[PDB]
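Student: Here you go, one structure.
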Amino acid sequence: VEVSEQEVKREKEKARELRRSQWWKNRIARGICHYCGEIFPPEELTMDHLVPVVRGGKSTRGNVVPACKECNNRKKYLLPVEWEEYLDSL
Amino acid sequence: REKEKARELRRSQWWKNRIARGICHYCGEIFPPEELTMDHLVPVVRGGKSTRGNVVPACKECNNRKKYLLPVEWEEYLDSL
Amino acid sequence: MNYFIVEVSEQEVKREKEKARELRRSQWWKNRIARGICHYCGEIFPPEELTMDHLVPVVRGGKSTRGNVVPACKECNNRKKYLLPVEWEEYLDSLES
Ligand SMILES: [Mg+2]
Ligand SMILES: [Zn+2]
Ligand SMILES: [Zn+2]
Ligand SMILES: [Zn+2]
C-alpha cells in the first residue's frame, strides 16, 4: 500500500503549507505534545503524521499532530508493540 | 467493538488532564469539559483503534461538523476558522 | 514588519539551568517561597507547592537571576506555558480574591 514519490512529496507540501497557518502556529505556541502531554518550547515539537504519507496518509488537521522529538522518534523506531508499552509507561 | 478501550481512555489520566486543558485539536480553542468530546483522528471504520495516539479532544462543533459535513464542506469549515 | 531570529545556544541554556539549580538552593530563594506567595495569582501555598519560574523563559534568552526568577504555584506555572498571551491575561484578570 506504498505511494509514489510525486505523492510522498505532493503531501509534504500540504504539510509545510499547514505547518504555516494559525492552527499549527498556536498549536506549537502552546507547546503541548500530543502523545505524552508534556509542554516543550515551540521549536522542540514536530509535525507528525498518524497515517504515514507513504501509505496514503494526507497532511491535514485530521491526521497530523504536534509531537516532541522524544515521542516522535520512538514512534518511528519502536515496534508497534513497544510504542504502547512506552505511552503506557508514561 | 473497540468501544471498549474507547470509554476506557475517558477514565484514564492522560485524558483527564487532556480534557482539563480543554484544547480542541481541530480549532485550537479552549472549552469546558461539557463542550469537549473524544474523537478518533483515524476513523474507527477504517480500522482505527482507541489509543493515546489516535484519540483527540474536539468541541461539539468540530466533532459534529467533521462527522456530518461532506468531504468538500468539512475542508471549508476549517478554512473559515 | 521587520523581524529577526535570536538564537540561544544549548551551551547558554545549560549555563542558565545550572545557575538556576544553584539559585534554587540559596537562602534567598528558600526565604522567598517560605512566604508562600504565588507571583502570578498572589494566592498562598505551602513551600512544597511552589516552583521556580523564569518570567522570561531561558530558551527565550532569559537569565537565572533574582530579577527574572519568581515563585509560582503548579497551575500558574503551566498555564503560563500553554495559554497564549491573551488567554493568560484573561486567566489572570479572572482571579477574584
Ligand atoms: Mg509554550
Ligand atoms: Zn512527547
Ligand atoms: Zn473545535
Ligand atoms: Zn498561582
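In the C-alpha cells, chains take letters A, B, ... by order of appearance, with residues numbered from 1 within each chain and ligands from 1 in the order shown.
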Which residues sit within 7 Å of ligand 3, counting only C-alpha atoms and all ligand atoms, listed as a PyMOL selection string?
Tutor: chain B and resi 24-29+58-59+61-62
Student: Next, dump the selected residues to file, keeping only N, CA, C and O atoms, as an mmCIF file, in the first residue's frame.
Tutor:
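Contents of the output file selection17.cif:
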```
data_model
loop_
_atom_site.group_PDB
_atom_site.id
_atom_site.type_symbol
_atom_site.label_atom_id
_atom_site.label_comp_id
_atom_site.auth_asym_id
_atom_site.auth_seq_id
_atom_site.Cartn_x
_atom_site.Cartn_y
_atom_site.Cartn_z
ATOM 1 N N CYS B 24 -9.213 22.062 21.842
ATOM 2 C CA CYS B 24 -9.803 21.281 20.764
ATOM 3 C C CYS B 24 -8.684 21.098 19.752
ATOM 4 O O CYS B 24 -8.026 22.064 19.391
ATOM 5 N N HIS B 25 -8.464 19.869 19.296
ATOM 6 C CA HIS B 25 -7.396 19.594 18.337
ATOM 7 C C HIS B 25 -7.554 20.393 17.053
ATOM 8 O O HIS B 25 -6.613 21.036 16.586
ATOM 9 N N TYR B 26 -8.765 20.339 16.504
ATOM 10 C CA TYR B 26 -9.103 20.983 15.244
ATOM 11 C C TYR B 26 -9.043 22.499 15.178
ATOM 12 O O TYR B 26 -8.388 23.047 14.293
ATOM 13 N N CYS B 27 -9.720 23.189 16.086
ATOM 14 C CA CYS B 27 -9.722 24.644 16.020
ATOM 15 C C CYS B 27 -8.734 25.309 16.965
ATOM 16 O O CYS B 27 -8.547 26.524 16.915
ATOM 17 N N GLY B 28 -8.112 24.509 17.828
ATOM 18 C CA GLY B 28 -7.134 25.036 18.762
ATOM 19 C C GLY B 28 -7.689 25.931 19.854
ATOM 20 O O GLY B 28 -6.931 26.621 20.535
ATOM 21 N N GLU B 29 -9.007 25.933 20.024
ATOM 22 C CA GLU B 29 -9.639 26.751 21.057
ATOM 23 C C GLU B 29 -9.811 25.971 22.362
ATOM 24 O O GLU B 29 -9.706 24.740 22.393
ATOM 25 N N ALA B 58 -12.178 17.254 21.063
ATOM 26 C CA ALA B 58 -12.787 18.041 19.994
ATOM 27 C C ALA B 58 -14.100 18.631 20.475
ATOM 28 O O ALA B 58 -14.939 17.916 21.015
ATOM 29 N N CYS B 59 -14.291 19.931 20.294
ATOM 30 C CA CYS B 59 -15.545 20.520 20.737
ATOM 31 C C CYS B 59 -16.675 19.979 19.870
ATOM 32 O O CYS B 59 -16.436 19.407 18.810
ATOM 33 N N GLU B 61 -18.858 21.424 17.931
ATOM 34 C CA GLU B 61 -18.874 21.948 16.568
ATOM 35 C C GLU B 61 -17.936 21.161 15.672
ATOM 36 O O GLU B 61 -18.377 20.547 14.703
ATOM 37 N N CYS B 62 -16.647 21.168 16.002
ATOM 38 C CA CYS B 62 -15.655 20.437 15.215
ATOM 39 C C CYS B 62 -15.988 18.943 15.101
ATOM 40 O O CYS B 62 -15.841 18.343 14.033
#
```
Student: At a cut-off of 12 Å, which residues of chain B touch chain A? Count only C-alpha atoms and give the answer as a ChimeraX atom specification.
Tutor: /B:9,12-30,39-43,46-58,62-63,66-67,74-75,77-81
Student: Keeping only C-alpha atoms, write the selected residues as a short mmCIF file (atom, residue, chain, number, x, y, z; two decimals), in the first residue's frame.
Tutor:
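Result written to out11.cif:
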```cif
data_model
loop_
_atom_site.label_atom_id
_atom_site.label_comp_id
_atom_site.auth_asym_id
_atom_site.auth_seq_id
_atom_site.Cartn_x
_atom_site.Cartn_y
_atom_site.Cartn_z
CA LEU B 9 -9.32 6.19 27.82
CA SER B 12 -7.58 7.45 32.20
CA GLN B 13 -5.24 10.16 33.45
CA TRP B 14 -3.71 11.22 30.13
CA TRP B 15 -7.28 12.04 29.05
CA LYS B 16 -8.37 13.63 32.32
CA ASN B 17 -5.64 16.26 32.11
CA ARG B 18 -6.31 16.37 28.39
CA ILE B 19 -9.95 17.50 28.64
CA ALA B 20 -8.96 19.76 31.53
CA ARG B 21 -6.63 21.93 29.47
CA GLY B 22 -9.67 21.94 27.21
CA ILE B 23 -7.90 22.37 23.85
CA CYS B 24 -9.80 21.28 20.76
CA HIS B 25 -7.40 19.59 18.34
CA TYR B 26 -9.10 20.98 15.24
CA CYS B 27 -9.72 24.64 16.02
CA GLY B 28 -7.13 25.04 18.76
CA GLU B 29 -9.64 26.75 21.06
CA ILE B 30 -10.27 26.05 24.73
CA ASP B 39 -12.78 11.85 18.54
CA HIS B 40 -10.69 9.35 16.61
CA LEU B 41 -8.33 11.07 14.18
CA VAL B 42 -8.18 7.88 12.13
CA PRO B 43 -11.86 6.89 11.84
CA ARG B 46 -11.23 2.25 8.50
CA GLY B 47 -10.00 0.12 11.40
CA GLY B 48 -8.78 2.86 13.71
CA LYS B 49 -8.07 1.70 17.28
CA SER B 50 -8.67 3.52 20.56
CA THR B 51 -5.27 4.53 21.89
CA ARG B 52 -3.41 7.66 23.05
CA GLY B 53 -2.20 8.38 19.55
CA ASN B 54 -5.42 8.09 17.55
CA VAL B 55 -7.72 9.85 20.03
CA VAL B 56 -8.04 13.61 20.49
CA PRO B 57 -10.32 16.20 22.24
CA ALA B 58 -12.79 18.04 19.99
CA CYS B 62 -15.65 20.44 15.22
CA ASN B 63 -16.78 16.93 16.20
CA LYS B 66 -16.47 16.68 10.74
CA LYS B 67 -18.90 13.80 11.39
CA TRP B 74 -15.63 19.99 6.11
CA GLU B 75 -12.49 21.38 4.49
CA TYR B 77 -15.24 24.92 7.78
CA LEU B 78 -11.54 24.89 8.63
CA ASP B 79 -10.54 27.49 6.01
CA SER B 80 -13.05 29.79 7.71
CA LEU B 81 -11.51 29.25 11.16
#
```
Student: Taking only C-alpha atoms and all ligand atoms into account, report as a list in words which residues have an atom no farther than 9 Å from an atom of ligand 1.
Tutor: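 Checking only C-alpha atoms and all ligand atoms against ligand 1 at 9 Å gives residues 28, 29, 30, 31, 32, 39, 40, 41 and 42 of chain A; 80, 81, 82, 83 and 84 of chain C.
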Student: Taking only C-alpha atoms into account, what are the residues of chain C at most 12 Å from chain A, put as a CSV table (one decimal) with N, CA and C atoms, in the first residue's frame?
Tutor:
```csv
chain,number,residue,atom,x,y,z
C,7,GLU,N,19.0,33.5,18.5
C,7,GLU,CA,19.3,32.1,18.9
C,7,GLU,C,19.9,32.0,20.3
C,8,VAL,N,19.5,30.9,21.0
C,8,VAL,CA,20.0,30.7,22.3
C,8,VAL,C,20.7,29.3,22.2
C,57,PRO,N,11.5,33.2,29.8
C,57,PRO,CA,12.0,31.8,29.7
C,57,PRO,C,13.5,31.8,29.3
C,58,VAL,N,14.2,30.7,29.7
C,58,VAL,CA,15.6,30.6,29.4
C,58,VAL,C,15.8,30.4,27.9
C,59,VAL,N,14.9,29.6,27.2
C,59,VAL,CA,15.0,29.4,25.8
C,59,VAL,C,14.6,30.7,25.0
C,60,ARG,N,14.2,31.7,25.7
C,60,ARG,CA,13.9,32.9,25.1
C,60,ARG,C,14.9,34.0,25.4
C,77,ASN,N,2.2,28.0,36.9
C,77,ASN,CA,3.4,27.7,36.1
C,77,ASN,C,3.1,27.1,34.8
C,78,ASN,N,2.2,26.2,34.7
C,78,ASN,CA,1.9,25.5,33.4
C,78,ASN,C,1.0,26.4,32.5
C,79,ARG,N,-0.1,26.9,33.0
C,79,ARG,CA,-1.0,27.7,32.2
C,79,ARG,C,-0.2,28.9,31.6
C,80,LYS,N,0.9,29.3,32.2
C,80,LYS,CA,1.6,30.4,31.6
C,80,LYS,C,2.4,29.9,30.4
C,81,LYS,N,2.5,28.6,30.3
C,81,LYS,CA,3.2,27.9,29.2
C,81,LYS,C,2.3,27.5,28.0
C,82,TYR,N,1.1,27.0,28.3
C,82,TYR,CA,0.2,26.5,27.2
C,82,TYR,C,-0.9,27.5,26.8
C,83,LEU,N,-1.0,28.6,27.5
C,83,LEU,CA,-2.1,29.5,27.2
C,83,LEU,C,-1.4,30.7,26.4
C,84,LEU,N,-2.1,31.2,25.3
C,84,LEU,CA,-1.5,32.2,24.5
C,84,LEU,C,-1.6,33.5,25.3
C,85,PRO,N,-0.7,34.5,25.1
C,85,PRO,CA,-0.7,35.8,25.8
C,85,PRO,C,-2.1,36.4,26.1
C,86,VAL,N,-3.1,36.0,25.3
C,86,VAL,CA,-4.4,36.6,25.6
C,86,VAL,C,-5.3,35.8,26.5
C,87,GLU,N,-5.1,34.4,26.5
C,87,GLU,CA,-5.9,33.6,27.3
C,87,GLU,C,-5.3,33.7,28.7
C,88,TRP,N,-4.0,34.0,28.8
C,88,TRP,CA,-3.3,34.2,30.1
C,88,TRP,C,-3.9,35.5,30.8
```
Student: Extract the full set of alpha helix (DSSP H) residues from chain A according to DSSP on the backbone, and format it as number ranges by chain.
Tutor: A: 5-8, 10-18, 22-30, 69-77, 80-87
Student: Any chance you can output those residues with C-alpha atoms as a CSV table (one decimal), in the first residue's frame?
Tutor:
```
chain,number,residue,atom,x,y,z
A,5,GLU,CA,7.3,9.9,-4.9
A,6,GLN,CA,5.4,12.6,-6.6
A,7,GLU,CA,2.8,11.9,-3.9
A,8,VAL,CA,5.1,11.4,-0.9
A,10,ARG,CA,2.7,16.0,-3.2
A,11,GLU,CA,1.7,16.0,0.5
A,12,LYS,CA,4.9,17.1,2.3
A,13,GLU,CA,3.9,20.4,0.6
A,14,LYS,CA,0.4,20.5,2.1
A,15,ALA,CA,2.5,19.8,5.2
A,16,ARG,CA,4.7,22.9,5.1
A,17,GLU,CA,1.6,24.9,4.0
A,18,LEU,CA,-0.4,23.6,7.0
A,22,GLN,CA,-2.9,29.8,12.6
A,23,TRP,CA,-3.9,26.3,13.7
A,24,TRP,CA,-0.4,24.9,13.6
A,25,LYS,CA,1.1,28.2,14.7
A,26,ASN,CA,-0.8,28.4,18.0
A,27,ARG,CA,-0.6,24.6,18.3
A,28,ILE,CA,3.2,24.8,18.7
A,29,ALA,CA,2.8,28.0,20.7
A,30,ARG,CA,1.0,26.0,23.4
A,69,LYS,CA,11.4,14.8,19.4
A,70,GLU,CA,11.4,12.1,22.0
A,71,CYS,CA,7.9,10.7,21.4
A,72,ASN,CA,8.0,11.4,17.7
A,73,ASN,CA,11.3,9.4,17.4
A,74,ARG,CA,10.4,6.3,19.4
A,75,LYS,CA,7.2,6.2,17.3
A,76,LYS,CA,9.5,5.7,14.2
A,77,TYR,CA,11.8,3.0,15.6
A,80,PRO,CA,4.2,-1.3,17.2
A,81,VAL,CA,4.1,-3.3,20.4
A,82,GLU,CA,6.8,-1.2,22.1
A,83,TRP,CA,5.2,2.1,21.2
A,84,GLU,CA,2.3,1.1,23.5
A,85,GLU,CA,4.4,0.0,26.4
A,86,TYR,CA,6.1,3.4,26.2
A,87,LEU,CA,2.9,5.5,26.1
```
Student: Write out as a list in words the residues lying within 12 Å of residue 62 of chain C, counting only C-alpha atoms and excluding same-chain residues fewer than 2 positions away.
Tutor: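 My list of contacting residues is residues 7, 8, 12, 13, 15, 16, 17, 20, 53, 54, 55, 56, 57, 58, 59, 60, 64, 65, 66, 67, 68 and 69 of chain C.
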Student: To check your reading of the model: which residues sit at most 10 Å from ligand 4 when counting only C-alpha atoms and all ligand atoms? Write the answer as a PyMOL selection string.
Tutor: chain C and resi 37-45+49-50+71-80+92+95
Student: With N, CA and C atoms kept, could you save the residues just selected as a compact mmCIF listing (two decimals), in the first residue's frame?
Tutor:
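Just written: result-v6.txt:
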```
# COMPACT_ATOMS: atom_id res chain seq x y z
N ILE C 37 3.85 32.93 48.70
CA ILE C 37 3.01 33.72 47.81
C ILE C 37 3.32 33.41 46.35
N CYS C 38 2.30 33.05 45.57
CA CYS C 38 2.50 32.75 44.16
C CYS C 38 2.56 34.08 43.41
N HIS C 39 3.63 34.29 42.65
CA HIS C 39 3.81 35.55 41.95
C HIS C 39 2.74 35.93 40.94
N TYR C 40 2.12 34.93 40.31
CA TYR C 40 1.10 35.19 39.32
C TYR C 40 -0.28 35.42 39.92
N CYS C 41 -0.79 34.47 40.69
CA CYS C 41 -2.11 34.67 41.27
C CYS C 41 -2.15 35.32 42.66
N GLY C 42 -1.00 35.47 43.31
CA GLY C 42 -0.97 36.10 44.62
C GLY C 42 -1.64 35.28 45.71
N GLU C 43 -2.02 34.05 45.39
CA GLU C 43 -2.66 33.16 46.34
C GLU C 43 -1.57 32.59 47.24
N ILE C 44 -1.93 32.05 48.39
CA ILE C 44 -0.93 31.50 49.29
C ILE C 44 -0.87 29.97 49.24
N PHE C 45 0.35 29.43 49.21
CA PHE C 45 0.59 27.99 49.14
C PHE C 45 1.71 27.54 50.04
N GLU C 49 4.43 23.27 47.41
CA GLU C 49 3.60 23.52 46.23
C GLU C 49 4.06 24.62 45.26
N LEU C 50 5.19 25.26 45.56
CA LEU C 50 5.71 26.30 44.67
C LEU C 50 6.90 25.79 43.87
N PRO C 71 8.58 32.85 42.23
CA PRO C 71 7.89 31.65 42.75
C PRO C 71 6.52 31.50 42.12
N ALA C 72 6.17 30.29 41.70
CA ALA C 72 4.86 30.09 41.09
C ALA C 72 4.25 28.75 41.52
N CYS C 73 2.92 28.72 41.63
CA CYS C 73 2.20 27.50 42.01
C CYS C 73 2.01 26.62 40.78
N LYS C 74 1.74 25.34 41.01
CA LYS C 74 1.55 24.36 39.94
C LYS C 74 0.74 24.88 38.74
N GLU C 75 -0.52 25.25 39.00
CA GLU C 75 -1.45 25.74 37.99
C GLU C 75 -0.95 26.93 37.15
N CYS C 76 -0.48 27.97 37.83
CA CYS C 76 0.03 29.16 37.15
C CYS C 76 1.26 28.85 36.31
N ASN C 77 2.16 28.04 36.85
CA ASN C 77 3.38 27.73 36.13
C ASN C 77 3.14 27.09 34.77
N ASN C 78 2.17 26.18 34.67
CA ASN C 78 1.86 25.50 33.41
C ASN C 78 1.04 26.39 32.48
N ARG C 79 -0.08 26.88 33.00
CA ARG C 79 -0.96 27.74 32.24
C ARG C 79 -0.22 28.88 31.57
N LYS C 80 0.87 29.33 32.18
CA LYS C 80 1.62 30.42 31.59
C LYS C 80 2.36 29.88 30.37
N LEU C 92 -5.61 35.64 34.31
CA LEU C 92 -5.22 36.47 35.44
C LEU C 92 -6.40 37.34 35.81
N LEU C 95 -9.24 36.23 38.25
CA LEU C 95 -8.98 35.74 39.60
C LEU C 95 -9.71 36.72 40.53
```
Student: Just list as a PyMOL selection string whatever in segment 8-61 of chain C DSSP marks as strand (DSSP E).
Tutor: chain C and resi 50-54
Student: How far is it from atom CA of residue 52 of chain C to atom CA of residue 29 of chain C, in Å with one decimal?
Tutor: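 Atom CA of residue 29 of chain C lies at a distance of 8.9 Å from atom CA of residue 52 of chain C.
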Student: Kindly give the distance, in Å, that separates atom CA of residue 48 of chain C and atom CA of residue 31 of chain C, rounded to a single decimal.
Tutor: 12.8 Å
Student: Kindly indicate which residue among B:31, B:60, B:70, B:36 lies nearest to chain C, using only C-alpha atoms for the distances.
Tutor: B:31
Student: Neighbouring residues of residue 56 of chain A were defined as those with any atom within 8 Å, considering only C-alpha atoms; residues of the same chain fewer than 6 positions away were excluded. Please report them as a list in words.
Tutor: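 In the requested form, the answer reads residues 1, 2 and 3 of chain A.
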Student: Now that the selection is made, can you save its residues with C-alpha atoms as a JSON list (two decimals), in the first residue's frame?
Tutor:
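Result file part_5.json:
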```json
[["chain", "number", "residue", "atom", "x", "y", "z"],
["A", 1, "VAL", "CA", 0.00, 0.00, 0.00],
["A", 2, "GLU", "CA", 3.01, 2.23, -0.72],
["A", 3, "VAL", "CA", 2.64, 5.53, -2.59]]
```
